[PDB]
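Some notes on the structure that comes next.
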Amino acid sequence: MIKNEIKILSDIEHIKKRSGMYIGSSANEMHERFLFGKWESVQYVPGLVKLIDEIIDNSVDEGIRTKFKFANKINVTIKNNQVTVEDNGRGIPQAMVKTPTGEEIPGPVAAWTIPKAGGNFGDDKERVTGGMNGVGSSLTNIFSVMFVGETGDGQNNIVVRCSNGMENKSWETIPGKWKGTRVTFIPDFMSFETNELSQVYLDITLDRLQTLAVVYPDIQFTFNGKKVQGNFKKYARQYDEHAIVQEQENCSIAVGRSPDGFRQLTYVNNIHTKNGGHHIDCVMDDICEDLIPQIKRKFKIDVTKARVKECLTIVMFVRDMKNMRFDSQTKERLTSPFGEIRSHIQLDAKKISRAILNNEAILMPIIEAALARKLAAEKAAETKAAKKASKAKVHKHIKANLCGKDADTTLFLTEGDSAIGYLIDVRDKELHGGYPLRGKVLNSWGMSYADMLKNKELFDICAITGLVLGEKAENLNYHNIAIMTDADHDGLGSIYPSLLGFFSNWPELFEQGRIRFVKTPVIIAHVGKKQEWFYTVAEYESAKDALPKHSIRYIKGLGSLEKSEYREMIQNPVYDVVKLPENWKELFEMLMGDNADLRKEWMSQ
DNA sequence: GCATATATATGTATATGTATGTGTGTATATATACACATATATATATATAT
DNA sequence: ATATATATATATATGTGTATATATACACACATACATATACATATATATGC
Ligand SMILES: Nc1ncnc2c1ncn2[C@@H]1O[C@H](COP(=O)(O)OP(=O)(O)NP(=O)(O)O)[C@@H](O)[C@H]1O
């Protein structure tokens, strides 16, 4: 039975038991992130990046609260699983703050050990800093095995040292003359689904310092002792080199191209709100409210707001926001009221609209892609037909009238158009269907399905019958198959084995016994008062000797014959039943194929 | 303040394994686009008319 | 105020000519190349080592 008891925890146990509430994701996961202007797939833990960004945003907010005179250099050094963030701010105060429990705890140690403490619990409408909750650097202290905070206000140095996952904590005061904050912490890896800080975390932190230096050029961010220059122009051309830019006193927006989905990046003050907010929705609404009637008058096309928006990458920057509200601790969605953001943001949407209208490299690709979609929609027009003949029929394909239904209908394969003009009278109208072919027949051994349906004639054979290249022959329009390749040696040794090797792609036609070859004489000789027939030349080469005086006729083809002998060979045929044996595959490989040393040893016998 | 050492990054040069030949004609068939004129035909454009 | 009578230049088409082209199998046993990558040497340099 499920136990039902109530545990009332402290702040520390509620944080450590419910970690995913307070650091975001505590699991290694994949995302698609803009790194250095590139939409690259990353795989990382957002919790440790969030822990770095808490101290980073604390140092930046120390920058804003002194109006960028202090905390104007921020050193974020990440090496050997150790983050050292040092700024030259005025200092976390040494003055006496009081707990509600009655314990008298000094300033930086109450800021850095217990949560729900900080200097952002005052008025919200004048607070322009990215911090609200008062739990952040204490959350950095909680998920770190080692955490030292060295604070100088100019008169004293307060060292707050915590260890064993803040279970050991001690504050100490030295007389000194430094003025700034140094947070040096080594993260805990027992709760996170990682063990070390890899290069993707340092790349995310360096790209964040680059974006913050773009937003705040006065604060000199350094990573591992290397300076970072932030300009909106080079950052905007890192995304797309044709991005239209527009900078304001608080906003800075760049519009580019998104060919493989939708891309975005937005910053409210110093916060990376990667999941959005009301601000990007209001800015795209104000942009599309000018652009959509403009593209309607320009190119007369009905393209929606989302279809315009999804091809754009928008890199917009919001500075000095007031009363910022966020739906989570990680602050990834600005859920301030739309009147507040609409009053604060003074972005000129019509200038961006005319600037992307006058550009031919962003809007005109949306126009040509949309008319490509509409032309592909217009080209797909089909209807029905009254008793379609042999499904996809052919110009030279005569058809049996009971073909396709339940019957024993036979399809005819010849190579001559002269050898079918006699057929339509001498055949049955219901069971006999004739079709010639152009020239000889492709060597089709071991080669791809696409390269065999590139032939008009081979997909045409597939279109007459029920033959599909990748599956079995079950429902066939002509039940039987009767092939008449030409009677000469080129007509039996080049087109006929290539044809039956093509029919070897479905090795059940031979098994059903329906493969019939119709014999055709190549020598017809008048001897006595009668005509003797010879299917092969070697039949005559055996039987030339023991015959009397005669008048020969070599038979070039069935078109060289007359309608009477045509009627004889159709209405009384000779059906060679070609049966596939066991090892047909190696025999076809040694005949129809690239290697011919097999043909070398095979001719030699 | 200076030895130094080795590490890895990029020339580089070769040696792999393929990939495309086309060879060079024989052989098999098929397709193409024009000029020469009357004879229908057809199909749809205009008039009108109440 | 549009239905229809009707007229007229569109579409083969005949045969004669006069000329093009094109997909394939054949096979060596190389020919030229297509990249190509790849492993390894060495340079410098810089940051450690002293
Ligand atoms: N590295 C730092 N630089 C400047 N101020 C800091 C730093 N670390 C802590 N603080 C301050 O110490 C107090 C502790 O609050 P903290 O726990 O960091 O929450 P926060 O800043 O409100 N962030 P959050 O809880 O996520 O909204 C705040 O007044 C911070 O501004």
Which one of these is within 44 Å of the chain's Cα centre (by Cα) and closer than 30 Å to A:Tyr540 by Cα: A:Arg438, A:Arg427?
A:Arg438
Do you know which of the residues in the range A:416-434 that are crowded, with 21+ Cβ neighbours inside 10 Å and part of a loop (DSSP other than H, G, I, E, B) is farthest from DNA strand B (Cβ to nearest atom)?
A:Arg427
Could you tell me which numbered condition A:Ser564 fails, if it satisfies all but one of (1) within 16 Å of DNA strand C (Cβ to nearest atom); (2) under 30 Å from A:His479 (Cβ atoms)?
(1)
Only residues in the range A:413-428 that are among the hydrophobic types (A, V, I, L, M, F, W, C) count as the first member; pair them with residues that are away from the ligand (no atom under 16 Å from the Cβ) and not in a loop (DSSP other than H, G, I, E, B), Cβ under 6 angstrom, at least 6 apart or cross-chain, and list the lot.
A:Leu413/A:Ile483; A:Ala419/A:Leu558; A:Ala419/A:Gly559; A:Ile420/A:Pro436; A:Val426/A:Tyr566; A:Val426/A:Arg567; A:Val426/A:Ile570
Residues in the range A:525-543: is at least one in contact with a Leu (Cβ under 7 Å, 6 or more places away or on another chain) and closer than 23 Å to A:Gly559 by Cα?
yes
Taking the range A:264-295 and keeping only residues that are touching a residue at least 60 places away in the same chain (Cβ under 8 Å) and farther than 24 Å from A:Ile52 by Cβ, one is left with A:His278, A:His279, A:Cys282, A:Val283, A:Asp286, A:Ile287, A:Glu289, A:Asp290, A:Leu291, A:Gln294, A:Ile295
I'd like to check something: does the range A:332-342 contain any residue that is in contact (Cβ under 8 Å) with a residue 60 or more places away in the chain, surrounded by 14 or more Cβ atoms within 10 Å (Cβ to Cβ) and aromatic (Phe, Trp, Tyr)?
no
Could you run through the range A:298-319 and say how many residues are in a loop (DSSP other than H, G, I, E, B) and either loosely packed, with under 15 Cβ neighbours inside 10 Å or out of contact with any strand residue (DSSP E or B) (no Cβ under 8 Å at 6 or more places or on another chain) (or both)?
7
State whether one or more residues within the range A:586-597 are under 47 Å from the mean Cα position of the chain (by Cα), within 16 Å of DNA strand B (Cβ to nearest atom) and not in a loop (DSSP other than H, G, I, E, B).
yes
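Regarding the range A:168-175, can at least one residue be identified that is within 48 Å of the chain's Cα centre (by Cα) and of a type in the set (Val, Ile, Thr)? First the steps, then the outcome.
If we filter the range A:168-175 for residues that are within 48 Å of the chain's Cα centre (by Cα), which is where we start, we get none.
Among the residues of the range A:168-175, not one is within 48 Å of the chain's Cα centre (by Cα) and of a type in the set (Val, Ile, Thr), which makes the answer no.
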So for the range A:349-358 (the condition being loosely packed, with under 14 Cβ neighbours inside 10 Å, in contact with a strand residue (DSSP E or B) (Cβ under 7 Å, 6 or more places away or on another chain) and under 27 Å from A:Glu241 (Cα atoms)), does at least one residue qualify?
yes
Exactly one condition in (1) closer than 17 Å to A:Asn141 by Cβ; (2) in contact with a strand residue (DSSP E or B) (Cβ under 9 Å, 6 or more places away or on another chain) is false for A:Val42; which is it?
(1)
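Within the range A:168-178, is there a residue that is under 29 Å from A:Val268 (Cα atoms), touching a residue at least 12 places away in the same chain (Cβ under 8 Å), buried (at least 17 other Cβ atoms within 10 Å of the Cβ) and away from DNA strand B (no atom under 16 Å from the Cβ)? Walk me through how you get there before you give the answer.
Restricting attention to the range A:168-178, the residues satisfying the condition of being under 29 Å from A:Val268 (Cα atoms) are none.
No, there is no match, as no residue in the range A:168-178 is under 29 Å from A:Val268 (Cα atoms), touching a residue at least 12 places away in the same chain (Cβ under 8 Å), buried (at least 17 other Cβ atoms within 10 Å of the Cβ) and away from DNA strand B (no atom under 16 Å from the Cβ).
Being within 16 Å of DNA strand C (Cβ to nearest atom) and surrounded by 12 or more Cβ atoms within 10 Å (Cβ to Cβ) is true for just one of A:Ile78, A:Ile15, A:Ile55. Which residue is that? Spell out how you get there, then give the answer.
Numbers: A:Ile15 fails: within 16 Å of DNA strand C (Cβ to nearest atom); A:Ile55 fails: within 16 Å of DNA strand C (Cβ to nearest atom).
None of the others qualify; the one that does is A:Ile78.
Quick check on A:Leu202: is it touching a residue at least 40 places away in the same chain (Cβ under 8 Å), part of a loop (DSSP other than H, G, I, E, B) and closer than 29 Å to A:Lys17 by Cα? I'd like the intermediate steps shown before the answer.
Details: touching a residue at least 40 places away in the same chain (Cβ under 8 Å): yes; part of a loop (DSSP other than H, G, I, E, B): no; closer than 29 Å to A:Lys17 by Cα: yes.
For A:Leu202, the condition - touching a residue at least 40 places away in the same chain (Cβ under 8 Å), part of a loop (DSSP other than H, G, I, E, B) and closer than 29 Å to A:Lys17 by Cα - is not met.
Restricting the search to the range A:104-142, which residues are near the ligand (Cβ under 8 Å from one of its atoms) and either touching a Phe, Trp or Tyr at 6+ places or on another chain (Cβ under 8 Å) or in a helix (DSSP H, G or I) (or both)? It would help to see each step written out before you state the result.
Let us first name the residues in the range A:104-142 that are near the ligand (Cβ under 8 Å from one of its atoms), namely A:108, A:111-112, A:115, A:117-120, A:129-140.
Across the range A:104-142, the qualifying residues are A:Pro108, A:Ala111, A:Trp112, A:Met132, A:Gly134, A:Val135, A:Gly136, A:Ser137, A:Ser138, A:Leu139, A:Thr140.
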Any idea which of (1) in contact with a strand residue (DSSP E or B) (Cβ under 7 Å, 6 or more places away or on another chain); (2) among the hydrophobic types (A, V, I, L, M, F, W, C); (3) loosely packed, with under 14 Cβ neighbours inside 10 Å is the one A:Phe34 doesn't satisfy?
(3)
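Restricting attention to the range A:441-472, which residues are in a loop (DSSP other than H, G, I, E, B), without any contact (Cβ under 8 Å) to a residue 24 or more places away in the chain and within 32 Å of the chain's Cα centre (by Cα)?
Taking the range A:441-472 first, the residues in a loop (DSSP other than H, G, I, E, B) are A:441-448, A:454-455, A:465-472.
After this cut, where a residue has to be without any contact (Cβ under 8 Å) to a residue 24 or more places away in the chain as well, the list is A:447-448, A:454-455, A:466, A:468, A:470-471.
Within the range A:441-472, A:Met447, A:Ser448, A:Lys454, A:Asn455, A:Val468, A:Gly470, A:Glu471 qualify.
Condition test on A:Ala407, is it closer than 17 Å to A:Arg516 by Cβ, among the small types (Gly, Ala, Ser), surrounded by fewer than 21 Cβ atoms within 10 Å (Cβ to Cβ) and out of contact with any strand residue (DSSP E or B) (no Cβ under 6 Å at 6 or more places or on another chain)? It would help to see each step written out before you state the result.
Values: closer than 17 Å to A:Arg516 by Cβ: yes; among the small types (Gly, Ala, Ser): yes; surrounded by fewer than 21 Cβ atoms within 10 Å (Cβ to Cβ): yes; out of contact with any strand residue (DSSP E or B) (no Cβ under 6 Å at 6 or more places or on another chain): yes.
So A:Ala407 passes the test.
So which residues in the range A:70-91 are among the aliphatic types (A, V, I, L, M) and on the phi > 0 side of the Ramachandran plot?
If we filter the range A:70-91 for residues that are among the aliphatic types (A, V, I, L, M), which is where we start, we get A:71, A:74, A:76, A:78, A:83, A:85.
Across the range A:70-91, the qualifying residue is only A:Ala71.
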Of the residues in the range A:578-605, those that are within 10 Å of DNA strand C (Cβ to nearest atom) and among the basic types (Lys, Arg) number 2
Any chance A:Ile424 is aliphatic (A, V, I, L, M), more than 16 Å from the ligand (Cβ to nearest atom) and under 20 Å from A:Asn401 (Cα atoms)
yes
When you look at A:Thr140, is it at negative phi, crowded, with 19+ Cβ neighbours inside 10 Å and β-branched (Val, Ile, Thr), yes or no?
yes
Please work out which one of (1) among the aliphatic types (A, V, I, L, M); (2) within 16 Å of DNA strand B (Cβ to nearest atom); (3) under 20 Å from A:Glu457 (Cα atoms) is the condition A:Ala473 fails and give its number.
(2)
Does A:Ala381 satisfy the criteria of being in contact with a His (Cβ under 8 Å, 6 or more places away or on another chain), on the phi < 0 side of the Ramachandran plot and either in a loop (DSSP other than H, G, I, E, B) or within 16 Å of the ligand (Cβ to nearest atom) (or both)?
no
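Every residue, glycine as well, gets a Cβ built from its backbone with ideal geometry; the counts of neighbours run over all protein chains shown. Read-outs: derived from the displayed coordinates by stated rules, not from any lab.
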